[PDB]
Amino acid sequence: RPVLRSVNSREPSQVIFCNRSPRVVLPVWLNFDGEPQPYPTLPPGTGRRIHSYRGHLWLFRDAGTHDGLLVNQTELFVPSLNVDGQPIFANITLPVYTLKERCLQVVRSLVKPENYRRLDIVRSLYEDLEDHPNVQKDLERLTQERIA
């Protein structure tokens, strides 16, 4: 079984999803086999009470561009069990992107993927642009990074 997957604890825990990013957040849930599942999106500045379970994994991406986002100053979110019913908070923020990656987002959001190689930039930046962010490539990194 994949290391990054949710546990079938069946113990409910109320979670509050808070989107404090100027992006439309796509909450992504890793199922019991490590396969990501999309969930309803959160408009910017919106909060929603969520019904989840202990040990379940969650990640957050831009609904339109699938850029990386931070939950509680971290990339992965695992709610514990509600201590005396007190719900657990999930505070989605923008990561302090690298200036290179931040520029990539702006260029991708202004040029069609077909006209990427028509720009007066070096040949390496064409490949960097069409290397769009996805959950699969990130999940591979967070998998190997969580080794101790």
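All residue numbers are counted from 1 along the displayed sequence.
In this entry, 127 to 135 has the higher mean Cα B-factor, the comparison being between 14 to 22 and 127 to 135. Remark: stretch with higher mean C-alpha B factor among 40 to 48 and 112 to 120 is 112 to 120. Which of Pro95, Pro27, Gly34, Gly64 has the largest Cα B-factor in the deposited entry comes down to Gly34. You'll see in the entry that, of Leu57, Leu81, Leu69, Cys103, the Cα B factor peaks at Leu81.
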